[PDB]
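Peer 1: Whatever this is, show me its structure:
(chains A, B and C)
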Amino acid sequence: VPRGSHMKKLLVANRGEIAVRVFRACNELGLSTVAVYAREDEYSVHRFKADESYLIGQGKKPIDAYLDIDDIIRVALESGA
Amino acid sequence: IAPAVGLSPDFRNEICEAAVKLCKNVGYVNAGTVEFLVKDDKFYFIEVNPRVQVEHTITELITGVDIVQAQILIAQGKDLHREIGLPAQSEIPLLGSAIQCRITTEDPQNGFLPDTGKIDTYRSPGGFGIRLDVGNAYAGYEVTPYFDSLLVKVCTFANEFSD
Amino acid sequence: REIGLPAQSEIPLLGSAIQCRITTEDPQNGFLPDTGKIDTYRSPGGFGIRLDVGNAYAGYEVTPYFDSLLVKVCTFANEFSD
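Peer 2: Numbering: from 1, shown residues only, chains lettered A, B, ... in the order given. Please see the structure below:
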């Protein structure tokens, strides 16, 4: 078992139905949640289902925003996920 | 669909054991799916998807097991049986059958090109044996061209496949 | 023979389930049913959720003439706590 496996907060590095599916599971497990969203996806339901959410991939095309490894990690660390 | 209702329970068990054999061999951790092609009572490995899948939903319905909660508890270091509470293999439920369809904006009369535009009306059904896992579909939502065309995943489940 | 139900001892007993009725009864106003137009109605789903909707959709006017039910929610899972 890796060190640091205890969890209070989880971030989904995704969008759409699968992100909402994960948030639901998190909430039922007493975990708080974090969404990321591209600018063009700002009305996505998953953005509003999380306890907090953050824009990512500023100035990139929308698919590249969701593939932006370092910006996703940045959000995870900043939010305390 | 789940289970593979057109194949015999024995042959299905064989396929399931082969998947377990591979995963035991490599010490697989968390959720994954092993994919086979099947032809006249032989089966051939094609792929492992080392992640949850879009169709996990129907497996949840026929087993009673919440796969995504299981993934998260597994990552927390928990034991499938002692803490997550899953039974031993031979006790894993098999409760009727389930079907999943993805409803998308692909227009079948226009070569399945995904439509875009504002959703004026979205009324989703429910009742017994219906599960919905919604994407981006609500009244007023503008479907953009940037992402996939999924509106909502629908699953049905019942004791009998025909129901 | 026709409906296909098993014998009594073979009637399944699969986990547990809970039902709540979501109504327009205002708990801060002595549970008097509210009336008026529904602006927004977004219903959840996922694993272990069943919805049996009454009259609740965006634009529906809840009248004072009938019962206050909007939607029946059921949840179900292997364990009661889940």
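Peer 1: OK, contacts around residue 50?
Peer 2: Defaulting to chain A. Residues in contact with residue A:50 (C-beta atoms under 8 Å, 6 or more residues apart in numbering or on different chains) are A:12, A:19, A:23, A:33-35. Placement of C-beta: from N, CA and C, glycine included.
Peer 1: if you could check chain B rather than the one you did, that'd help
Peer 2: Here residue B:50 is in contact with B:28, B:32 (C-beta under 8 Å, 6+ apart).
Peer 1: what's the single longest strand in chain A?
Peer 2: Criterion DSSP state E: the longest strand present in chain A is strand A:32-37.
Peer 1: Could you measure from residue B:127 over to residue C:74?
Peer 2: Taking C-beta to C-beta, to the nearest Å as the measure, residue B:127 and residue C:74 are separated by 10 Å.
Peer 1: One more: residue B:160?
Peer 2: Residue B:160 is 21 Å from residue C:74, by C-beta to C-beta.
Peer 1: what does residue B:1 give?
Peer 2: Residue B:1 is 24 Å from residue C:74, by C-beta to C-beta.
Peer 1: Please list which of the contacts of residue A:50 also come close to chain B.
Peer 2: Among those, no residue lies close to chain B (C-beta under 8 Å from any C-beta of the partner chain).
Peer 1: tell me the contacts of residue B:23?
Peer 2: Per C-beta under 8 Å, 6+ apart, neighbours of residue B:23: B:32, B:34.
Peer 1: Contact residues of chain A facing chain C?
Peer 2: A:20-21, A:24, A:28.
Peer 1: one more time with 7 Å, if that's ok
Peer 2: With C-beta under 7 Å from any C-beta of the partner chain as the criterion, chain A meets chain C at residues A:21, A:24, A:28.
Peer 1: Kindly report the same for chain B.
Peer 2: B:57, B:60, B:64, B:66, B:85, B:95, B:123-124, B:126-128, B:131-134, B:138-139.
Peer 1: Now, those residues that are in strands?
Peer 2: B:131-134.
Peer 1: Check which residues of stretch B:54-69 are buried.
Peer 2: Residues of stretch B:54-69 classed as buried: B:56-69 (neighbour count, 16 or more other C-beta atoms under 10 Å in any protein chain shown).
Peer 1: ok, which of the residues you listed also contact chain A?
Peer 2: Counting by C-beta under 7 Å from any C-beta, the members of the buried residues of stretch B:54-69 near chain A are B:66, B:68-69.
Peer 1: Can you add distance to residue A:50 and give those residues back as JSON lines?
Peer 2: Below are these laid out as JSON lines (distance: C-beta to C-beta, whole Å):
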{"residue": "B:66", "distance to residue A:50": "19"}
{"residue": "B:68", "distance to residue A:50": "15"}
{"residue": "B:69", "distance to residue A:50": "17"}
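Peer 1: can you pull the contacts of the residue nearest to the spatial centre of chain A?
Peer 2: Residue closest to the average C-alpha location in chain A (C-alpha atoms, centre = their mean): residue A:35, at 2.9 Å. Residue A:35 makes contacts with A:12, A:19, A:46-47, A:50, A:53, as judged by C-beta atoms under 7 Å, 6 or more residues apart in numbering or on different chains.
Peer 1: give me that answer again for 8 Å
Peer 2: A:11-12, A:19, A:23, A:46-47, A:49-50, A:52-54.
Peer 1: Also residue B:99?
Peer 2: With contact taken as C-beta under 8 Å, 6+ apart, residue B:99 is in contact with B:1-2, B:58, B:155-157.
Peer 1: ok, now residue B:80?
Peer 2: B:70, B:74, B:86.
Peer 1: Identify those among those that sit within helices.
Peer 2: Judged by DSSP state H, those include B:70, B:74 as members of helices.
Peer 1: is it possible to export the contacts of residue B:80 to TSV including distance to residue A:72?
Peer 2: Conversion of these to TSV gives the following (distance: C-beta to C-beta, whole Å):
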residue	distance to residue A:72
B:70	23
B:74	21
B:86	31
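Peer 1: Give me the ChimeraX select line for the contacts of residue B:80, limited to the buried ones.
Peer 2: ChimeraX command restricting the contacts of residue B:80 to the buried ones, with burial defined by 16+ other C-beta under 10 Å:
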select /B:70,74,86
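Peer 1: Out of the contacts of residue B:80, flag the one nearest to residue A:2.
Peer 2: For the contacts of residue B:80, the residue nearest residue A:2 by C-beta to C-beta is residue B:74; the value is 11.7 Å.
Peer 1: The closest one reaches residue B:30, doesn't it?
Peer 2: Yes - counting by C-beta atoms under 8 Å, residue B:30 is a contact partner of residue B:74 at 5.1 Å.
Peer 1: returning to what we had before: which ones among the residues of chain B next to chain C are found in helices?
Peer 2: B:57, B:60.
Peer 1: related to what we said a few turns ago, partner strands of the longest strand of chain A, with direction?
Peer 2: Sheet pairing of strand A:32-37 (DSSP bridges) gives strand A:9-12 (parallel), strand A:52-55 (parallel).
Peer 1: Alright, I will stop here.
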